[PDB]
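Chemist: pasting an experimental structure with its sequence.
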Amino acid sequence: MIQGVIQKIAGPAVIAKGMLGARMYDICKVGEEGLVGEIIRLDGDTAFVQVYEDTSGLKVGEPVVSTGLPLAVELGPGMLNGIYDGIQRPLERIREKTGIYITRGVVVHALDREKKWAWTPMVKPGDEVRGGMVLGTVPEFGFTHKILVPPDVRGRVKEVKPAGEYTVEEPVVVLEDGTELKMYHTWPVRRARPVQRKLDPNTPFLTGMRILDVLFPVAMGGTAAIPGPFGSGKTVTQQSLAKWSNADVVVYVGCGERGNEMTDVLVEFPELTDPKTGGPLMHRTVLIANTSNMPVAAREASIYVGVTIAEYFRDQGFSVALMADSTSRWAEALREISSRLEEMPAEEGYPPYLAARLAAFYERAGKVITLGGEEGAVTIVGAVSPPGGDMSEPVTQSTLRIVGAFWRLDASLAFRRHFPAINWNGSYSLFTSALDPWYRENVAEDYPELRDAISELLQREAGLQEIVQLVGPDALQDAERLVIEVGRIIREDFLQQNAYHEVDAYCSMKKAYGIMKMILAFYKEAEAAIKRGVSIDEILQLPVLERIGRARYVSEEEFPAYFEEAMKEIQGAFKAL
Amino acid sequence: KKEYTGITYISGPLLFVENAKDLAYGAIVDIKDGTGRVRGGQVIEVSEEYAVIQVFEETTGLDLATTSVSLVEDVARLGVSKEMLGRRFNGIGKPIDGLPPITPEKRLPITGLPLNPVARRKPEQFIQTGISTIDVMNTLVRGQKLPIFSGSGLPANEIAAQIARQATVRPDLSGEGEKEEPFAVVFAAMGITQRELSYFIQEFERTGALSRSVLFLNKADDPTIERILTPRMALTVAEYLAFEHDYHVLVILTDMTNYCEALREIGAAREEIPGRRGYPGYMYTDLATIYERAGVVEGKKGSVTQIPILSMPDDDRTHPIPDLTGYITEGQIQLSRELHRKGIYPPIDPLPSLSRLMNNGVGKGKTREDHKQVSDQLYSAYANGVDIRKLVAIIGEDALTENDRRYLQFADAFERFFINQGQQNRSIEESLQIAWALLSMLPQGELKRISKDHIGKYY
Amino acid sequence: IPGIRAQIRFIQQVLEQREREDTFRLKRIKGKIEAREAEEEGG
Ligand SMILES: Nc1ncnc2c1ncn2[C@@H]1O[C@H](COP(=O)(O)OP(=O)(O)O)[C@@H](O)[C@H]1O
């Protein structure tokens, strides 16, 4: 439409001249080959294209052609069980099309255009249809993938296709005004799919880990952040949330991760069994890989692509679970683009619009009742990587004040090989007061009281540990040493979890509540006996110590009897003496 | 060709030229001056008015009247071959030797072309080193990058030479072809002084491992942008000899701090928004670009594994260089000055040095069914001993419980027998026997990490 | 207590030292931006 030539190619960004009338964020195709970029400037008659490729080898004088369309995606059947690039290019197809490398200038569609799908009519010629309504259904492997009307569209259905087998190009509905509806449609990523109204979260997001389920919960609309230095497990924990959650779909965005860290998922997940239907686990994953040597603007591109896909599935009706890895890489991409724009930077170089982008990205997550009268959910768990571990970086601070839970990882706990390394006094949760009705309904009746007792005991033992480190853990009284030792038993038998065991990798709510009950009963009887006068060394040599210690390596079938036996054994053995 | 005369600015590294738009961005040039001596360059930020060069050697004697710049190649590319498997190069790639240049077989770029995340495979094979603090607690597998966070006067070159000499795979412990696999070193050094270079060369010549290794040398009396160029050449040659001829290479990159210094210097002379404490913003991008070139593909059988030596400047793990390196690689080994004081060797601090690709390369059916469990237990016991050290320093050694003394003595025996090993080649089984001997010094039933079966079988 | 106070004083001095370098580089960047935009009337 609007054609101009290159003038000042330098680094990852060019400057095209002779371009008057180009909008402010459309996608241009620079170079003699096509190196799709993006416009962020308008100075008189030039532009400032931002390339998504290598740019090594171009010249001055090669043409640039605008498109006038702001980076759409393709939404429809065919997305599940597949990898993508930063701008939605199928990695499998690029592989079989060029080789083992990723060259520049490859053109491949996002959704397949050859496979047949099982259409199923759901309308009647003459009805009234509005945006977000239902039109049909297409069976993907395990799900009844619906199809929808693109928003801001209406009319009068004139003639639908009967059942059969088509590609994603045959228009299955033809409205009266002439608009034809395919089985897919495009959506610009920087917008937000509209809804009717946003509900209040009232059900937890079970994830398997005893700490992040019992102590610091997250509702099914929430947000979180796992910041910590390198060598803590901001990836092991996210992979465990991706393979042992309670969601329906999962989107795993990697924004500057390791190639090995992303290929150890493509290899293993089509072997495990999702815990809701029995099929493979790779039939609910849409992971979006963008490693650390690919181009630099594809980082922000990948973040927005991931969020828009998750919102599409929420509008469909499932319960998605986004997982953004290392949002700090996004910030450093913005820093580089700012240093190329040659602007005035805020603290530490980060441009003066960081927090706005982060808030707009964290504020499209939550349970909602979409335009079809259903329910969906987009949960987000975004890792954060401080540049020295300090929680004073602008990203580490701006990512507070906007989130729900906050799971601060500690380095020393990760040197001791005490995993997971969740610091139990720097973290917090804000959802733990709206979920109590659900707990009372589906786990126990005094589970809130047990949780309160556990938290109170931990965060009272801390104060005594101060005096311990001052004087020494022998000048203390007997009740004080008992509190210290109960705290240590808790810390090593209820807040520890090895993601590589066979049965200690998915602990459910009843099992956690059982262990808490055992610990509380033991502490109560030991308090009584210490009042009586027996010695703390005998109280510790009581073998119920090792019983309730190893009570976590059990499976989940014989626990309802194991727990009863150990409970009665404690009640007996602590009045025998 | 002698075209493109009319430069108009010279200051330090940079050099500007008047109207020249046919020089492609990122090209290569060569700057002849008024006496015949030819230098090298590289085009940055081409534009319709001028074009900025980046001289390699130096800018002495260059006047503004008799000085030209000619085009050589539109992209940087190294002429690789298989005949360069006994040779010795320098910086850009001229042969510092008594033999003529090579006849190339293919000329590929030196910049990039990353690997496709779907043309990889999980590194699984297990390569032992004979250093019982790396074979047993920080396993090193074939296909992983693992730096060595050295120090000022700490022995890191010796550990690198020892690993290169002792490293061998163990095929008869998981089932494979018995004898097939030697190594192929691609030693690449940027900034080394004379003493260290002479040590490395003596050592490589003693073991006969010199006729199967290529050498790129950038000693300290040479320019700095050559330091910026060297590791890309090294990794290009390595990727070639691996993914084309089924070799198993082991790239030793020495002193990444000098590379980061050259980077900071060009960035400063470019005035490019310092990121954090000097060093520019894109240093994560650059270090990643030259680290992620080491993996394993499917279909082929080659492999590329790295050991980037780097000296944390002031003994700070929070310095940008070690920080970004730790974020990018997968694992690390960290020496200890305190242990170097007390004559230990190798002074590898075992707490802060981990390896990520270990849970997949060790375990039942690969080395022994009790490896990771002994690892976990040794870590826990050593942490307890280290804490009781401070308890002592607060209270006194005679006011201690009866088992705190057991933990203290375990810590001292651990530092005296398991870490200190001289220059001897251990084995996985000898080191596990030593580990079990030590772990037997503590009582039974106080090891909540190992299973009762292994507990009964070994003690 | 005096050793801890000395440590605090040293850390505080270094942290404040590493802000004036930033202010200086920012002022130089502003000078360069003014010198450049003073020539960007048209072209
Ligand atoms: N839940 C866990 N159980 C056991 N080991 C863990 C757990 N989480 C992390 N680890 C260990 O900690 C290391 C952290 O790996 P990774 O997640 O890649 O780094 P980071 O935590 O810094 O992102 C891994 O090598 C793993 O061995």
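Modeler: Here it is on my side, so go on. Numbering: from 1, shown residues only, chains lettered A, B, ... in the order given.

Chemist: just give the number of residues close to residue B:341.
Modeler: 9 (other Cβ atoms under 10 Å in any protein chain shown). Placement of C-beta: from N, CA and C, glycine included.

Chemist: I should have written residue A:392 there, sorry.
Modeler: When neighbours are defined as other Cβ under 10 Å, residue A:392 has 9 of them.

Chemist: using the three-state scheme, assign it.
Modeler: Following DSSP: H, G, I helix; E, B strand; the rest coil, we place residue A:392 in the coil state.

Chemist: residue closest to the middle of the chain?
Modeler: Because you didn't say which chain, this covers chain A. Residue closest to the average C-alpha location in chain A (Cα atoms, centre = their mean): residue A:323, at 1.7 Å.

Chemist: that's the other chain; I wanted chain C
Modeler: For chain C, the residue sitting closest to the mean C-alpha position, by Cα atoms, centre = their mean, is residue C:22 at 1.7 Å.

Chemist: now do the same contact list for the residue in chain C that chain A sits nearest to.
Modeler: Per Cβ to the nearest Cβ, residue C:42 is where chain C lies closest to chain A, at 6.4 Å. Residue C:42 makes contacts with residue A:44, as judged by Cβ atoms under 8 Å, 6 or more residues apart in numbering or on different chains.

Chemist: quickly find the element holding it.
Modeler: Assigned by DSSP states H and E, residue C:42 belongs to no helix or strand.

Chemist: for chain C, which residues are neighbours of chain A?
Modeler: C:26, C:29, C:30, C:33, C:40, C:42, C:43 (Cβ under 8 Å from any Cβ of the partner chain).

Chemist: which members of the residues you listed are positioned in helices?
Modeler: If you go by DSSP state H, the residues of chain C next to chain A have C:26, C:29, C:30, C:33 in helices.

Chemist: from residue B:321, how far off is the second one?
Modeler: Computed with Cβ to Cβ, to the nearest Å, the distance linking residue C:29 and residue B:321 is 25 Å.

Chemist: next: residue A:244.
Modeler: Between residue A:244 and residue B:321 the computed distance is 37 Å (Cβ to Cβ).

Chemist: tell me the secondary structure of the residue in chain B positioned nearest to chain C, please.
Modeler: Chain C sits closest to residue B:274 of chain B, with a gap of 6.8 Å, by Cβ to the nearest Cβ. Secondary structure assignment for residue B:274 (three-state DSSP): coil.

Chemist: give me the number of residues near it?
Modeler: Neighbour count for residue B:274, taken as other Cβ under 10 Å: 19.

Chemist: does it touch residue C:24 like I think?
Modeler: No - the pair residue B:274 / residue C:24 is not scored as a contact, 11.3 Å apart, by Cβ atoms under 8 Å.

Chemist: so where does the residue in the stretch 301-450 of chain A that chain B sits nearest to fall, helix or strand?
Modeler: Using Cβ to the nearest Cβ, the single residue of the stretch 301-450 of chain A nearest to chain B is residue A:339, 3.7 Å away. Element membership for residue A:339 (DSSP H and E) is helix A:327-341.

Chemist: give me the contact status of that helix with the ligand.
Modeler: No - judged by Cβ under 6 Å from any ligand atom, helix A:327-341 stays clear of the ligand, getting no closer than 12.1 Å.

Chemist: settle it for me: which of residue A:244 and residue B:321 has more neighbours?
Modeler: The neighbour count for residue A:244 versus residue B:321, taken as other Cβ under 10 Å, is higher for residue B:321 (23 against 19).

Chemist: tally of neighbours for the closest residue to the ligand within the stretch 51-200 of chain B?
Modeler: Nearest residue of the stretch 51-200 of chain B to the ligand (Cβ to the nearest ligand atom) works out as residue B:138 at 10.2 Å. Using other Cβ under 10 Å, residue B:138 has 21 other residues around it.
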